[PDB]
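1. No letters, just coordinates:
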């Protein structure tokens, strides 16, 4: 449900760049 | 009188072009129209050679037509007994950026070069067991593109510094230096008699050199892009060239002009290597679309395809007895079609 | 069935292939980085 | 002798190998496909080169030439999935020379003050916006100097990120 | 300017190359191909008994 909340409402978070930025923030 | 020299050179070029035009009284296709077609040619992958763990950039058969050598970007030089697929030697290399290799016509030496601008000679027969370096040949200031042996003590190399060179292996100094291209020389093809050789360059031209004089004898144009590979006709008075414009061309030395072009509308990728058959009837050319197409050299109609490589067909070679073809690709596999 | 020289060639090929496997496994474990720039680009300093 | 230069070093149990090809004075469209399988491309750009001009053309800023080279090697047909680690060097000479001369000398439309931070971010942005392929590759930018070993640390962290993201793409999870 | 002189001399040497008409060269190539056709296995598939790369 949470993920659905992201996909339909607030669809500006559906970006490759944010995902890669977070995965960089993991160990960088 | 620099402008006078320019006018004189223009006059020389004009009269050479007039002579070339006057030579043309027919075409190769017109004369060979009466000759019977080869028909479909089908070859199967008899032997497949494995062991390279990177792109294979070069190969070269032996005079015995059984042993060959392969060079790859993993930094190895592997010698194969194609008859039984057994490996004979695997030579580790100082550098992994190898772009060419050659096999001595006696079978006693091999050579390799690449982005280190150095040709290296390896003696197959050794009292030390290992195939250790017998000679280094520094002096080029560009990547070494091709190399061939005249004898045990003489080797021709081409390079990206736009010059070819003959070397004295024992001395280690170049005896003859061929300059005159305007772009990176990418391939050369020694004649069977060993007295002349052609070399194609990125200047979209081929030049014919005699190895005694360091003076160019003929220059051939006609290609629109870089000359990737040249092969020299069995008779000794012609040669074919492949290039990036997706065409091959047959040039005749004694007419100083082209004789035939090999291309098709369904081909757009460039050619990586060309080779002839034993009689000279077949022109085998490898492309970037993973295919090696066979053309009737006397007519220009395609006569078969060798397919089975998953990546670029880098290198192509036909045995001295003319019995089998060997292809090497970026998929790290050599194949033998027969 | 096979000649003694033939067996010797077979085991030599097997040894060569085993060494190739070891060398490939060794070469797998390193990182290859391509360095580009100009002479006065801090390239030498960054190598330092 | 000339040729490619090979360098090795170990850092946190990783064996980094680097290949300098600045000695290759010839056509690059004939040997650049040899480095198709590299983890990353480390690109050095000297920030203090905006005021300087290449003597070959006498109207050519070395920064524009650096931009051209970076764009050419970034959008190459072979490096479609390879990451680039940018190193903006000589930050100190830039720090004094921006006090002396504005960045407008290099980019005519800068429209900014003479402080170090604005111009540094501006050059970084002008370099990174030349990455037309904003999906399958990433640019990691640093400012080097500091006379320290943080550069190898940055390279290590960026390479670790590149490896992890490569595994994620291979799994389809990215 | 010396390079221009060398180029002019080389072009002069290339100008004096004795040439032949296309007909004779084409005839020579075709004659070679016909004469050495029987010993070209890639055109004439030799039997399996004479094939050292037989499967």
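-> Arrived safely. Residues are numbered from 1 along each chain as shown, chains lettered A, B, ... in the order given.
2. hmm, who's touching stretch D:145-163?
-> Applying Cβ atoms under 8 Å, 6 or more residues apart in numbering or on different chains, the external contacts of stretch D:145-163 come out as A:23-24, A:27-28, C:31, C:33, C:46, D:9, D:11-12, D:14, D:16, D:39-40, D:42, D:83, D:85, D:87, D:89-92, D:138, D:140, D:142, D:144. Using the backbone N, CA and C atoms, a C-beta is placed for each residue, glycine as well.
3. What segments of the chain are helices?
-> Since you didn't name a chain, this refers to chain A. A:2-8, A:16-26 (DSSP state H).
4. wrong one, I was asking about chain B
-> Taking DSSP H as the criterion, chain B carries its helices at B:2-23, B:28-32.
5. Residue D:127 is nearest to which of these?
-> Closest approach to residue D:127 among the helices of chain B (Cβ to Cβ): helix B:2-23, 44.8 Å.
6. name the helices or strands packed onto that closest one?
-> helix E:2-15 (3 or more Cβ pairs under 8 Å, 6 or more residues apart in numbering or on different chains; DSSP states H and E).
7. Following the helix it packs on in sequence, what is the next regular element?
-> Using DSSP states H and E, the helix or strand that follows helix E:2-15 in sequence is helix E:22-35.
8. which of the residues in that next one are buried?
-> Buried positions in helix E:22-35, judged by neighbour count with 16 or more other Cβ atoms under 10 Å in any protein chain shown: E:22-23, E:25-26, E:28-30, E:32-33.
9. repeat for stretch B:171-181
-> For stretch B:171-181, the neighbour count (16+ other Cβ under 10 Å) marks B:174, B:176, B:178, B:180-181 as buried.
10. For those, give me CSV that also has distance to residue B:282.
-> Formatted as CSV, these follow (distance: Cβ to Cβ, whole Å):
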residue, distance to residue B:282
B:174, 36
B:176, 33
B:178, 30
B:180, 32
B:181, 29
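11. Looking at those residues, which is nearest residue B:193?
-> When these are compared against residue B:193 (criterion: Cβ to Cβ), the nearest one is residue B:176, at 17.0 Å.
12. Return the residues in contact with that closest one.
-> Contacts of residue B:176 (Cβ under 8 Å, 6+ apart): B:165-166, B:211-214.
13. So which of those wins on neighbours?
-> Neighbour tally across these (other Cβ atoms under 10 Å in any protein chain shown): the maximum, 24 neighbours, falls on residue B:165.
14. Find the nearest non-adjacent residue to it, please.
-> In this structure, residue B:165 finds its nearest non-sequential neighbour in residue B:174, 4.5 Å apart by Cβ to Cβ, 6 or more residues apart in numbering or on different chains.
15. Could you do residue D:141 as well?
-> Counting by Cβ to Cβ, 6+ apart, the residue nearest residue D:141 is residue D:86, at 4.3 Å.
16. so the one you found sits in a strand?
-> Yes - the assignment for residue D:86 by DSSP: H, G, I helix; E, B strand; the rest coil puts it in a strand.
17. What residues are bridge-paired with it?
-> Judged by DSSP bridges, the bridge partners of residue D:86 are residue D:43, residue D:141.
18. count of neighbours near it?
-> Residue D:86: 21 neighbours (other Cβ under 10 Å).
19. Wait, it touches residue D:139, no?
-> Yes - assessed by Cβ atoms under 8 Å, residue D:86 is found in contact with residue D:139 at 5.8 Å.
20. which residues do the two both contact?
-> By Cβ under 8 Å, 6+ apart, the residues touching both residue D:86 and residue D:139 are D:127-128.
21. can you tell me the helix or strand for residue D:111?
-> Counting by DSSP H and E, residue D:111 is part of no helix or strand.
22. Give me the distance between it and chain A.
-> 27 Å (Cβ to the nearest Cβ, to the nearest Å).
23. Three-state assignment for residue D:80, please.
-> At residue D:80 the chain is in coil, as set by three-state DSSP.
24. Neighbours of it, how many?
-> A count of nearby residues for residue D:80, using other Cβ under 10 Å, gives 12.
25. I'd like to know how far it sits from residue E:13.
-> Computed with Cβ to Cβ, to the nearest Å, the distance linking residue D:80 and residue E:13 is 49 Å.
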